[PDB]
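I have placed the structure first, in the form of structure tokens, so that the comments after it can refer back to it.
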Amino acid sequence: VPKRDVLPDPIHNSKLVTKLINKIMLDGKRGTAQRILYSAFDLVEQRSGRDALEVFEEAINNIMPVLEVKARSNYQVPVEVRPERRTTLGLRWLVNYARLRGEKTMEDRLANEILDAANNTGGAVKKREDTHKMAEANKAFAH
Amino acid sequence: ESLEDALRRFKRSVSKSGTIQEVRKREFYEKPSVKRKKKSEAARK
Amino acid sequence: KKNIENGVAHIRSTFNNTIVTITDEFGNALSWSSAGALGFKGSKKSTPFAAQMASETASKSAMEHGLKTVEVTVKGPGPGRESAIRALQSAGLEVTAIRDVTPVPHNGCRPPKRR
Amino acid sequence: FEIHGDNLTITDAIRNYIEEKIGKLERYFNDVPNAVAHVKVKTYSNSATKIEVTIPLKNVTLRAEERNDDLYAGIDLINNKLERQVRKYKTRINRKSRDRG
RNA sequence: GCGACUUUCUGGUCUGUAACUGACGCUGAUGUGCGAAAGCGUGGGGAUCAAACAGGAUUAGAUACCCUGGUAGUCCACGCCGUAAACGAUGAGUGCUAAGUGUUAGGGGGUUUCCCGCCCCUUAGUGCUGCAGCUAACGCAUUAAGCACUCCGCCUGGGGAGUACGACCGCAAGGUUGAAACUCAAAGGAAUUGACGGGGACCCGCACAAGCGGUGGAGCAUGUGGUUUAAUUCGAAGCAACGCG
């Protein structure tokens with residue numbers, strides 16, 4: 001029922017990057033997932049010369065909602081969403097909104113996206129909003 | 001008065017009378033026998 | 001443009017609706033706010049949050065002329081009559097009292113039956 | 001639909017007859033993807049008429065069953081079971097809404 | 001059946017008093033009178049509620065269940081029918097039969113400075129528990145379904161049917177009285193096990209939620225049915241058969 005720790009990421013001595021790899025680590029092929037990710041580092045750390053952790057913590061905090069809802073007939077309730085599910089939420093809307101960009105390369109759409117929400121743009125900041133629109137539209141009939 | 005009790009006091013004097021049951025009792029009509037029996041089957045609850 | 005700062009309010013939170021009407025000392029109409037007039041319907045009027053925006057509106061629209069203190073009077077047995085007043089106190093008013101009211105008959109007449 | 005029948009060669013008047021009389025129930029709701037029927041003959045020595053059938057459902061399935069002398073009376077039974085079945089299954093359900101808080 | 005207030009009339013009830021008459025009582029066929037609600041009549045009166053009904057929605061359908069309005073009525077008097085789960089599903093009167101428990105109107109007694117606090121006993125009424133005893137069982141159990149007495153009404157398998165003919169009453173709806181043919185071998189009461197549930201409560205489950213991945217979508221192998229054959233050999237079919245035998 002507990003949740004499958006990552007020790008650290010041995011890149012950056014971080015943790016979050018591994019939590020993201022495991023969502024990108026298709027086929028268990030971390031070699032190719034950490035490939036495409038390291039490519040992501042040098043590329044985005046080139047464009048707008050900065051770090052991952054800046055655009056990373058920035059953009060991961062720019063899409064991350066603080067609310068979302070749930071049904072229970074089905075009545076949809078507002079709740080302050082819990083944090084780790086909120087983490088994997090930002091991760092998931094991030095990547096799943098990412099691949100639909102209609103763009104060829106492994107990485108360019110990704111950095112395009114984190115750079116998108118880095119300036120409070122992008123459809124994941126948008127879904128954050130609509131979550132925060134239904135929420136407080138969802139206060140009347142459920143709170 | 002400010003705030004806080006202003007909503008709790010009123011609620012206290014409102015809970016005493018019991019507006020809820022008084023006019024909820026008269027929400028839908030009943031027979032006299034039925035009503036009588038109902039009232040009887042209770043006095044100290 | 002009648003202006004005082006101690007008007008009075010009449011309220012009614014029915015099972016299916018919860019509305020407002022703000023009147024003067026005597027009093028007489030100045031404004032009212034229907035939950036239905038805020039797009040809602042159905043039970044969506046009956047929800048407490050409907051009375052928030054409503055009472056905020058006619059409270060606001062009424063203190064257009066200028067009114068802060070007030071007395072309150074609440075029939076209409078329903079939900080909104082204790083939340084949307086916690087929205088009312090935020091509305092720009094200085095409530096001096098709140099008086100319960102409800103039409104008690106004395107075995108007067110019949111209600112309906114079904115079910 | 002699926003119709004395998006042992007110790008007998010099926011015919012066609014029974015097909016239009018039985019399956020049309022089953023089609024009458026689109027009053028509720030038909031919903032007609034599968035309808036598996038089943039038969040056999042069985043010496044007693046009065047010696048049989050097996051009339052067995054499924055009439056499966058959306059998210060669930062069913063069973064009606066009968067043995068008879070004869071297929072007409074014996075069939076009016078695979079029908080006038082399923083009727084009452086489908087009827088209930090739709091009544092049900094639970095709407096008597098009711099605000100809360 | 002009777003619950004705003006007051007007055008006018010007005011019957012009845014319980015206590016103690018027992019001094020008065022001194023067995024005058026009990027039951028009660030026939031009989032005569034009261035009598036829910038519906039209802040009929042003559043008029044009046046008519047705010048709500050409302051069969052019928054108009055319309056709306058839902059359902060496959062709904063003349064129904066739900067919403068809106070809506071008549072007769074619901075209301076007053078004068079009348080009339082006179083019935084009912086009119087049920088405590090128990091006729092009335094009398095007398096004895098273990099306790100406990102509230103509660104009502106009263107009386108008497110003690111207790112405290114004075115009972116206002118308290119208790120004791122008793123009378124009538126009133127409900128709860130609970131022994132013998134009774135009862136097919138359930139239950140009853142001093143307000144008996146116990147024990148015994150007096151009187152009245154009723155019953156004799158069920159369906160036929162409280163229907164029919166006839167008679168009485170009634171404006172009419174109908175009431176009362178109340179059969180037989182034929183038919184059946186049971187109908188039925190109480191209590192137990194199991195079954196069911198669109199009844200309830202508790203728990204578990206990839207049954208949910210959550211999520212990931214899948215099929216169906218296009219091309220390839222293969223089982224089944226349908227086809228066909230001279231042969232397409234035979235079997236097994238919701239899960240539990242269709243990459244099986």
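The way I read the labels, and the way they are meant: chains A, B, ... in the order of the structure tokens, residue 1 as the first residue of every chain, and ligand 1 as the first ligand shown, with later ones counted on from there.
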
Pull out every residue of chain D sitting within 12 Å of chain A, counting only C-alpha atoms, and send them as a PDB file with N, CA and C atoms, in the first residue's frame.
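New file iface24.pdb:
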ATOM      1  N   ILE D  93     -35.520   1.387 -10.827  1.00  0.00           N
ATOM      2  CA  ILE D  93     -34.075   1.404 -10.613  1.00  0.00           C
ATOM      3  C   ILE D  93     -33.728   2.194  -9.354  1.00  0.00           C
ATOM      4  N   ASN D  94     -33.957   3.504  -9.395  1.00  0.00           N
ATOM      5  CA  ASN D  94     -33.727   4.364  -8.236  1.00  0.00           C
ATOM      6  C   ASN D  94     -33.378   5.795  -8.641  1.00  0.00           C
ATOM      7  N   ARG D  95     -34.383   6.666  -8.605  1.00  0.00           N
ATOM      8  CA  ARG D  95     -34.241   8.043  -9.051  1.00  0.00           C
ATOM      9  C   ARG D  95     -34.761   8.997  -7.989  1.00  0.00           C
ATOM     10  N   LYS D  96     -35.747   8.539  -7.224  1.00  0.00           N
ATOM     11  CA  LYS D  96     -36.420   9.396  -6.249  1.00  0.00           C
ATOM     12  C   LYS D  96     -35.395  10.346  -5.647  1.00  0.00           C
ATOM     13  N   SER D  97     -34.786  11.159  -6.504  1.00  0.00           N
ATOM     14  CA  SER D  97     -33.780  12.120  -6.067  1.00  0.00           C
ATOM     15  C   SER D  97     -34.080  12.633  -4.663  1.00  0.00           C
ATOM     16  N   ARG D  98     -33.215  13.512  -4.160  1.00  0.00           N
ATOM     17  CA  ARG D  98     -33.364  14.051  -2.811  1.00  0.00           C
ATOM     18  C   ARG D  98     -32.136  14.852  -2.372  1.00  0.00           C
ATOM     19  N   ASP D  99     -32.236  16.177  -2.422  1.00  0.00           N
ATOM     20  CA  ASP D  99     -31.120  17.033  -2.035  1.00  0.00           C
ATOM     21  C   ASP D  99     -30.423  16.500  -0.787  1.00  0.00           C
ATOM     22  N   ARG D 100     -29.356  17.177  -0.373  1.00  0.00           N
ATOM     23  CA  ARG D 100     -28.602  16.769   0.809  1.00  0.00           C
ATOM     24  C   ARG D 100     -27.935  17.961   1.492  1.00  0.00           C
ATOM     25  N   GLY D 101     -26.785  17.714   2.112  1.00  0.00           N
ATOM     26  CA  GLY D 101     -26.031  18.763   2.771  1.00  0.00           C
ATOM     27  C   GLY D 101     -24.925  18.217   3.652  1.00  0.00           C
TER      28      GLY D 101
END

Practice problem: Write out as a PyMOL selection string which residues come within 8 Å of residue 66 of chain C when counting only C-alpha atoms (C1' of nucleotides), dropping same-chain ones fewer than 5 positions away. | Solution: chain C and resi 3-5

Exercise. Compile the residues of chain E that lie within 12 Å of chain B, evaluated using only C-alpha atoms (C1' of nucleotides), and express the compilation as a ChimeraX atom specification.
Key: /E:1,36,49

Dump N, CA, C and O atoms (P, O5', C5', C4', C3', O3' and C1' of nucleotides) for the selected residues as a PDB file, in the first residue's frame?
ATOM      1  P     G E   1     -65.381   6.246  15.144  1.00  0.00           P
ATOM      2  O5'   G E   1     -65.980   7.652  14.696  1.00  0.00           O
ATOM      3  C5'   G E   1     -65.480   8.868  15.225  1.00  0.00           C
ATOM      4  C4'   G E   1     -66.439   9.489  16.207  1.00  0.00           C
ATOM      5  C3'   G E   1     -65.957  10.747  16.906  1.00  0.00           C
ATOM      6  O3'   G E   1     -66.145  11.925  16.144  1.00  0.00           O
ATOM      7  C1'   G E   1     -66.815   9.253  18.500  1.00  0.00           C
ATOM      8  P     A E  36     -73.287   8.293  11.590  1.00  0.00           P
ATOM      9  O5'   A E  36     -71.743   7.987  11.502  1.00  0.00           O
ATOM     10  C5'   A E  36     -70.947   8.363  12.594  1.00  0.00           C
ATOM     11  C4'   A E  36     -69.483   8.284  12.300  1.00  0.00           C
ATOM     12  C3'   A E  36     -69.025   8.893  10.995  1.00  0.00           C
ATOM     13  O3'   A E  36     -68.879  10.296  11.088  1.00  0.00           O
ATOM     14  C1'   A E  36     -67.985   6.795  11.335  1.00  0.00           C
ATOM     15  P     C E  49     -55.299  23.814  -2.486  1.00  0.00           P
ATOM     16  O5'   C E  49     -56.012  22.638  -1.688  1.00  0.00           O
ATOM     17  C5'   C E  49     -55.324  21.849  -0.732  1.00  0.00           C
ATOM     18  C4'   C E  49     -55.952  20.484  -0.602  1.00  0.00           C
ATOM     19  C3'   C E  49     -56.269  19.788  -1.913  1.00  0.00           C
ATOM     20  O3'   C E  49     -55.182  19.014  -2.375  1.00  0.00           O
ATOM     21  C1'   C E  49     -58.171  19.737  -0.484  1.00  0.00           C
TER      22        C E  49
END

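In this structure, the chain C residues at most 8 Å away from chain B are residues 77, 82, 96, 98, 99, 100, 102, 104, 110, 111, 112, 113, 114 and 115 of chain C, with only C-alpha atoms considered.
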
Practice problem: With a distance cut-off of 12 Å and only C-alpha atoms (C1' of nucleotides), select the neighbouring residues of residue 92 of chain C, excluding the residue or stretch itself and same-chain residues fewer than 3 positions from it, and output the selection as a ChimeraX atom specification. | Solution: /C:5,55-64,66-70,85-89,95

Practice problem: Would you mind listing what lies within 8 Å of segment 117-130 of chain A as a PyMOL selection string, with only C-alpha atoms (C1' of nucleotides) counted and same-chain residues fewer than 5 positions away left out? | Solution: chain A and resi 55+58-59+62-65+93-94+97+135

The selected residues should be written to file as an mmCIF file, in the first residue's frame (atoms: N, CA, C and O atoms).
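What follows is the written file selection_5.cif:
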data_model
loop_
_atom_site.group_PDB
_atom_site.id
_atom_site.type_symbol
_atom_site.label_atom_id
_atom_site.label_comp_id
_atom_site.auth_asym_id
_atom_site.auth_seq_id
_atom_site.Cartn_x
_atom_site.Cartn_y
_atom_site.Cartn_z
ATOM 1 N N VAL A 55 13.795 25.263 -14.942
ATOM 2 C CA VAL A 55 12.618 25.022 -15.781
ATOM 3 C C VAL A 55 11.829 23.827 -15.264
ATOM 4 O O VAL A 55 10.624 23.706 -15.509
ATOM 5 N N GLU A 58 10.151 24.997 -11.802
ATOM 6 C CA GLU A 58 9.243 26.005 -12.326
ATOM 7 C C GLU A 58 8.045 25.364 -13.002
ATOM 8 O O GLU A 58 6.913 25.479 -12.526
ATOM 9 N N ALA A 59 8.289 24.651 -14.098
ATOM 10 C CA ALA A 59 7.199 24.227 -14.968
ATOM 11 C C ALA A 59 6.386 23.111 -14.333
ATOM 12 O O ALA A 59 5.215 22.910 -14.676
ATOM 13 N N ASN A 62 4.109 24.974 -12.303
ATOM 14 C CA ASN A 62 3.191 25.802 -13.070
ATOM 15 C C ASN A 62 1.964 25.051 -13.558
ATOM 16 O O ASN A 62 0.926 25.683 -13.780
ATOM 17 N N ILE A 63 2.047 23.732 -13.712
ATOM 18 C CA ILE A 63 0.927 22.934 -14.196
ATOM 19 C C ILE A 63 0.251 22.240 -13.025
ATOM 20 O O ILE A 63 -0.945 21.943 -13.075
ATOM 21 N N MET A 64 1.017 21.963 -11.982
ATOM 22 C CA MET A 64 0.543 21.261 -10.802
ATOM 23 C C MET A 64 -0.653 21.977 -10.178
ATOM 24 O O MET A 64 -0.491 23.072 -9.627
ATOM 25 N N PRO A 65 -1.873 21.404 -10.241
ATOM 26 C CA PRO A 65 -2.998 22.001 -9.519
ATOM 27 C C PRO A 65 -2.870 21.777 -8.035
ATOM 28 O O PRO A 65 -2.100 20.925 -7.576
ATOM 29 N N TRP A 93 -0.187 14.623 -16.798
ATOM 30 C CA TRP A 93 -0.680 15.634 -17.721
ATOM 31 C C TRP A 93 0.434 16.235 -18.553
ATOM 32 O O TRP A 93 0.239 16.467 -19.751
ATOM 33 N N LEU A 94 1.593 16.467 -17.936
ATOM 34 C CA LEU A 94 2.775 16.899 -18.665
ATOM 35 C C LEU A 94 3.037 16.000 -19.857
ATOM 36 O O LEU A 94 2.921 16.423 -21.011
ATOM 37 N N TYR A 97 0.016 15.216 -22.398
ATOM 38 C CA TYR A 97 -0.181 16.380 -23.242
ATOM 39 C C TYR A 97 1.013 16.645 -24.146
ATOM 40 O O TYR A 97 0.858 17.310 -25.176
ATOM 41 N N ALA A 135 -13.783 23.152 -10.132
ATOM 42 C CA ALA A 135 -13.589 23.557 -8.750
ATOM 43 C C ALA A 135 -13.896 25.049 -8.619
ATOM 44 O O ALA A 135 -13.386 25.865 -9.394
#

Exercise. Using DSSP on the backbone coordinates, identify the residues of chain D assigned to helix (DSSP H, G or I); present them as a PyMOL selection string.
Key: chain D and resi 13-27+71-89

Residue selection dump (N, CA, C and O atoms) as a compact mmCIF listing (two decimals), in the first residue's frame:
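So the final result, stored in again.txt, reads:
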# COMPACT_ATOMS: atom_id res chain seq x y z
N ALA D 13 -39.53 -23.01 -40.34
CA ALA D 13 -40.73 -22.41 -39.75
C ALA D 13 -40.53 -22.16 -38.27
O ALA D 13 -40.99 -21.14 -37.74
N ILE D 14 -39.83 -23.06 -37.58
CA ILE D 14 -39.56 -22.83 -36.17
C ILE D 14 -38.67 -21.62 -36.00
O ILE D 14 -38.74 -20.92 -34.99
N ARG D 15 -37.81 -21.35 -36.99
CA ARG D 15 -36.88 -20.23 -36.85
C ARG D 15 -37.61 -18.90 -36.88
O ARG D 15 -37.49 -18.09 -35.96
N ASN D 16 -38.40 -18.67 -37.93
CA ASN D 16 -39.16 -17.44 -38.02
C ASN D 16 -40.11 -17.33 -36.85
O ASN D 16 -40.29 -16.26 -36.26
N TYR D 17 -40.72 -18.45 -36.48
CA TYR D 17 -41.70 -18.45 -35.40
C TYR D 17 -41.04 -18.03 -34.09
O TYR D 17 -41.38 -16.98 -33.52
N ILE D 18 -40.05 -18.79 -33.63
CA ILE D 18 -39.48 -18.56 -32.32
C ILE D 18 -38.79 -17.20 -32.30
O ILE D 18 -39.10 -16.36 -31.45
N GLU D 19 -37.93 -16.92 -33.28
CA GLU D 19 -37.14 -15.70 -33.22
C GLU D 19 -37.97 -14.46 -33.45
O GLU D 19 -37.62 -13.40 -32.92
N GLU D 20 -39.07 -14.55 -34.19
CA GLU D 20 -39.96 -13.40 -34.29
C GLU D 20 -40.67 -13.17 -32.97
O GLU D 20 -40.82 -12.03 -32.52
N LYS D 21 -41.13 -14.25 -32.33
CA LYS D 21 -41.84 -14.08 -31.07
C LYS D 21 -40.91 -13.54 -29.99
O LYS D 21 -41.33 -12.81 -29.09
N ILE D 22 -39.62 -13.88 -30.07
CA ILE D 22 -38.61 -13.23 -29.24
C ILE D 22 -38.42 -11.77 -29.62
O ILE D 22 -38.17 -10.93 -28.75
N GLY D 23 -38.53 -11.45 -30.91
CA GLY D 23 -38.36 -10.07 -31.32
C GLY D 23 -39.43 -9.14 -30.81
O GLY D 23 -39.23 -7.92 -30.76
N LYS D 24 -40.56 -9.69 -30.38
CA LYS D 24 -41.66 -8.89 -29.86
C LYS D 24 -41.29 -8.11 -28.60
O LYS D 24 -42.00 -7.17 -28.22
N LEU D 25 -40.20 -8.50 -27.94
CA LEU D 25 -39.88 -7.96 -26.63
C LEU D 25 -38.99 -6.73 -26.70
O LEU D 25 -38.48 -6.30 -25.66
N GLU D 26 -38.82 -6.12 -27.87
CA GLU D 26 -38.07 -4.87 -27.95
C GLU D 26 -38.86 -3.71 -27.37
O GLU D 26 -38.36 -2.57 -27.34
N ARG D 27 -40.02 -4.03 -26.81
CA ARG D 27 -40.65 -3.17 -25.84
C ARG D 27 -39.58 -2.92 -24.77
O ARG D 27 -39.39 -1.79 -24.33
N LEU D 71 -43.22 -28.55 -28.79
CA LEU D 71 -42.41 -27.35 -28.99
C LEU D 71 -43.16 -26.01 -28.99
O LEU D 71 -42.56 -24.97 -28.72
N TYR D 72 -44.45 -26.03 -29.32
CA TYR D 72 -45.21 -24.78 -29.33
C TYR D 72 -45.54 -24.33 -27.91
O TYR D 72 -45.18 -23.23 -27.50
N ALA D 73 -46.23 -25.19 -27.17
CA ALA D 73 -46.52 -24.90 -25.77
C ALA D 73 -45.21 -24.80 -25.02
O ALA D 73 -45.00 -23.87 -24.23
N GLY D 74 -44.31 -25.74 -25.29
CA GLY D 74 -43.01 -25.76 -24.65
C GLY D 74 -42.15 -24.55 -24.94
O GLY D 74 -41.24 -24.22 -24.18
N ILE D 75 -42.43 -23.87 -26.05
CA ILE D 75 -41.69 -22.66 -26.39
C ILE D 75 -42.35 -21.44 -25.77
O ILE D 75 -41.67 -20.53 -25.28
N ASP D 76 -43.68 -21.38 -25.79
CA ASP D 76 -44.36 -20.26 -25.18
C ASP D 76 -43.83 -20.05 -23.76
O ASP D 76 -44.25 -19.13 -23.07
N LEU D 77 -42.91 -20.91 -23.35
CA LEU D 77 -42.39 -20.88 -21.99
C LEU D 77 -40.99 -20.28 -21.91
O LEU D 77 -40.59 -19.76 -20.87
N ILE D 78 -40.25 -20.34 -23.01
CA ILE D 78 -38.94 -19.71 -23.07
C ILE D 78 -39.14 -18.21 -23.29
O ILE D 78 -38.29 -17.40 -22.94
N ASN D 79 -40.28 -17.87 -23.87
CA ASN D 79 -40.70 -16.49 -24.02
C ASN D 79 -41.27 -15.92 -22.73
O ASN D 79 -40.64 -15.09 -22.07
N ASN D 80 -42.47 -16.36 -22.36
CA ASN D 80 -43.14 -15.86 -21.17
C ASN D 80 -42.39 -16.14 -19.88
O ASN D 80 -42.84 -15.79 -18.80
N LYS D 81 -41.11 -16.48 -19.99
CA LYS D 81 -40.19 -16.26 -18.86
C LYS D 81 -39.34 -14.97 -19.05
O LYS D 81 -39.32 -14.05 -18.19
N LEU D 82 -38.65 -14.93 -20.18
CA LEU D 82 -37.78 -13.81 -20.52
C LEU D 82 -38.51 -12.47 -20.42
O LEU D 82 -37.91 -11.46 -20.04
N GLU D 83 -39.79 -12.46 -20.76
CA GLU D 83 -40.58 -11.25 -20.67
C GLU D 83 -40.45 -10.64 -19.28
O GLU D 83 -39.83 -9.59 -19.10
N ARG D 84 -41.01 -11.35 -18.30
CA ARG D 84 -40.96 -10.98 -16.89
C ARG D 84 -39.55 -10.65 -16.43
O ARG D 84 -39.35 -9.74 -15.62
N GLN D 85 -38.56 -11.39 -16.93
CA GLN D 85 -37.16 -11.09 -16.63
C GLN D 85 -36.77 -9.66 -17.04
O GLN D 85 -36.49 -8.79 -16.19
N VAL D 86 -36.74 -9.43 -18.35
CA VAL D 86 -36.37 -8.14 -18.92
C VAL D 86 -37.16 -7.00 -18.28
O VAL D 86 -36.61 -5.95 -17.98
N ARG D 87 -38.45 -7.25 -18.04
CA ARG D 87 -39.30 -6.24 -17.42
C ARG D 87 -38.71 -5.76 -16.09
O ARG D 87 -38.34 -4.60 -15.95
N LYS D 88 -38.61 -6.67 -15.13
CA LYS D 88 -38.02 -6.35 -13.83
C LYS D 88 -36.68 -5.63 -14.01
O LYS D 88 -36.41 -4.60 -13.36
N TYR D 89 -35.80 -6.28 -14.75
CA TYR D 89 -34.42 -5.84 -14.85
C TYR D 89 -34.41 -4.34 -15.11
O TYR D 89 -33.43 -3.66 -14.83

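All residues of protein, DNA or RNA that reach within 8 Å of segment 35-45 of chain A, judged by only C-alpha atoms (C1' of nucleotides) and not counting those fewer than 2 positions away in the chain, are residues 21, 30, 31, 32, 33, 47, 48, 49, 50, 51, 52, 106, 107, 108, 110 and 111 of chain A.
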
With 10 Å as the cut-off and only C-alpha atoms (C1' of nucleotides) counted, what is the closest atom pair between each nearby residue of chain A and chain E? Distances in Å to one decimal, ordered by chain and number, as a tab-separated table.
residue	atom	partner	partner_atom	distance
A:70	CA	E:209	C1'	9.9
A:71	CA	E:209	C1'	9.7
A:72	CA	E:209	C1'	9.4

Output the selection as a PDB file, in the first residue's frame - C-alpha atoms for each residue.
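Generated file (out-v3.pdb):
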ATOM      1  CA  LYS A  70     -13.978  13.200  -7.887  1.00  0.00           C
ATOM      2  CA  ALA A  71     -17.443  11.691  -8.180  1.00  0.00           C
ATOM      3  CA  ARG A  72     -19.354   9.612  -5.656  1.00  0.00           C
TER       4      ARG A  72
END
